[PDB]
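Asker:
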Amino acid sequence: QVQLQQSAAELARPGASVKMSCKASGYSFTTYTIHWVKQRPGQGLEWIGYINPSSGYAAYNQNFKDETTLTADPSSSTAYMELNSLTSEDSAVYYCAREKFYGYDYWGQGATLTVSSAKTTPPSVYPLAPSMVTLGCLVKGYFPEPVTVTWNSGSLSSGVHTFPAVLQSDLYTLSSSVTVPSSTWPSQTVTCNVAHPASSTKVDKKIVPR
Amino acid sequence: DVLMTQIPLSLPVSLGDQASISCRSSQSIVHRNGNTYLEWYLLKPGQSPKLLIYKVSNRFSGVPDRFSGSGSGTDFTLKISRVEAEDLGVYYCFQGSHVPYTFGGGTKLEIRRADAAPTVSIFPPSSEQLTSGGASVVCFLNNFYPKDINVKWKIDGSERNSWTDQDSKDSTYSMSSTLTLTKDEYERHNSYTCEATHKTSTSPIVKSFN
Ligand SMILES: [Cl-]
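Residue numbers (our numbering), protein chains in the order written: chain B, 1 to 210; chain L, 1001 to 1210.
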């Protein structure tokens, strides 16, 4: 069970530093190099660097070498990317990935970095109630990205539509919908589960029929 | 740096047809050891990148045999035979021969299916949000094709947005339009109207609420 576990969301102040981690498990940590890749909405994918935990050598994209430091701790099977002199330009999703023989075969889940002076704000979660019936929940007024939404703890997966967040007045708003057969609601309970990792908050909202 | 130029930017394709994506490097990407470390990755919405092809032409384990890679020197091609709906997303080529490693700009593969009219639904502000002191009317326009669509919000007749990626199951698009206003302004109006104009039907799809 090869796994690269990151952390979903980091908020850091302009000018500060942040140290993101990539905990590897399921294989011999020192035998593969760990690479870091940046995904900024309108800039494709960018390779940041890699660290070879066996030799200790880190290679850097020279465009970011003055703001980037890569390290690895074999005793905890963890790779780290430290970014310094942060600007809004550094806000992005960052992935770690392992490689040795056939390219980047396993990837971390990604870590959303936001560089801002704004305070962390958990979302307000409101229910949206009215052959086929559409329900939803509105996840309003949170910062920073991201939030995750499931329905019935992941048991309700077909018929879901989660919409990308929109930023207004420095806060994000997202909506999620789920379409269900009428014969099951409100007999079988339906709950939207919202997670805001940056504030470490989880909310479960039952959609009452009223 | 090695520039990776990917063609086309957008690749609409009908189900079962073939598709071809090209990648051209600004210089040869033959490593000193004789290998060409050209890889192909697929970024599906909401998922980490997925390795498809390594060393130009070698299919990664678990990748369906309908994906193939070819090319040499500076010109490389990803081929998808009998495209399936699960194939949609953004394809990237990647050269791992010369530091800094570089990705292509990405190609968004989109499924071309029959035109589909959206299912429109409108949702009033919940009780909880009203207690808070805001008012959001939410309009879902779900399961339509193609992506382009128009939405108009009208309060008492007078005039007053988030798009999903393409759905991997039925190749349709969905959109959410949220009208935000103060609770005081909400209390002093009666009819709220969400109109949906799409390529499918000549008449608009109107959903209102009192
Ligand atoms: Cl590998």
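All residues carry an ideal CB built from backbone N, CA and C; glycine is no exception.
At a CB distance below 9 Å, what residues from the segment 156-170 of chain B approach chain L? Give them in sequence order.
Answerer: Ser158, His161, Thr162, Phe163, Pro164, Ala165, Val166, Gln168
Asker: Are there any heavy atoms of ligand 1 lying less than 6 Å away from the beta-carbon of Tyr1101 of chain L, as far as the coordinates show?
Answerer: no
Asker: If we call anything under 7 Å between Cβ atoms a contact, is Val139 of chain B one with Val178 of chain B?
Answerer: no
Asker: So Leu1015 of chain L packs on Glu1086 of chain L, CB below 8 Å; how close in whole Å?
Answerer: Your pair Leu1015 of chain L and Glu1086 of chain L does not check out as a contact, with CB atoms roughly 11 Å apart and the cut at 8 Å.
Asker: Using a Cβ-Cβ cut-off of 7 Å, state whether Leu1051 of chain L counts as contacting chain B.
Answerer: Taking a beta-carbon distance threshold of 7 Å, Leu1051 of chain L counts as an interface residue toward chain B.
Asker: Return the residue from the list B:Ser176, B:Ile51, B:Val166, B:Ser77 that minimises the CA-CA distance to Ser157 of chain B.
Answerer: The shortest Cα separation from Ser157 of chain B among B:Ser176, B:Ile51, B:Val166, B:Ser77 belongs to B:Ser176.
Asker: Put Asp1075 of chain L into one of helix, strand or coil per three-state DSSP.
Answerer: strand
Asker: Kindly indicate which three-state DSSP category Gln1095 of chain L falls into: helix, strand or coil?
Answerer: Secondary structure of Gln1095 of chain L (DSSP, three-state): strand.
Asker: Given this structure, state the Cα-to-Cα distance separating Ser1028 of chain L from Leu1051 of chain L, to the nearest angstrom.
Answerer: Straight-line Cα distance between these residues: approximately 22 Å.
Asker: I need the straight-line Cα distance from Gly56 of chain B to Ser85 of chain B, nearest angstrom please.
Answerer: 24 Å
Asker: Mind checking which residues open and close the alpha helix (DSSP H) that includes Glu1185 of chain L?
Answerer: 1183-1187
Asker: Could you please go through the chain and list the residues whose beta-carbon is closer than 7 Å to any non-hydrogen atom of ligand 1?
Answerer: B:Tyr32, B:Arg98, B:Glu99, B:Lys100, B:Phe101, B:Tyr102, B:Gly103, B:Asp105
Asker: 7 Å is my cut-off, CB to CB: does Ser175 of chain B come that close to chain L?
Answerer: yes
Asker: Is it right to say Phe101 of chain B is buried, meaning 16 or more other beta carbons lie within 10 angstroms of its own, or is it exposed?
Answerer: exposed
Asker: Say whether chain L places a C-beta atom closer than 7 Å to the C-beta of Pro127 of chain B.
Answerer: yes
Asker: For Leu11 of chain B, write down the residues that DSSP places opposite it in a beta bridge.
Answerer: B:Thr114
Asker: Under the DSSP definition of a beta bridge, which residues are partnered with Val1056 of chain L?
Answerer: For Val1056 of chain L, no pairing in a beta bridge is given by DSSP.
Asker: Name the two residues that bound the continuous alpha helix (DSSP H) containing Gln168 of chain B.
Answerer: Not the alpha helix (DSSP H): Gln168 of chain B falls in the beta strand (DSSP E), residues 166-168.
Asker: Give me the subset of the segment 80-105 of chain B whose CB atoms are less than 7 Å from a CB atom of chain L, sorted by chain position.
Answerer: Going along the segment 80-105 of chain B in chain order, one finds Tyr95, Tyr102, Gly103, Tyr104, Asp105 with a Cβ nearer than 7 Å to chain L.
Asker: Is the Cβ of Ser1048 of chain L closer than 7 Å to any Cβ of chain B?
Answerer: True, the Cβ-Cβ gap to chain B drops below 7 Å.
Asker: Between which two residues does the beta strand (DSSP E) harbouring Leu1042 of chain L extend?
Answerer: Start and end: 1038-1043.
Asker: Of all Cβ atoms in chain B, is any one closer than 7 Å to the Cβ of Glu1187 of chain L?
Answerer: Chain B contact via Cβ: absent.
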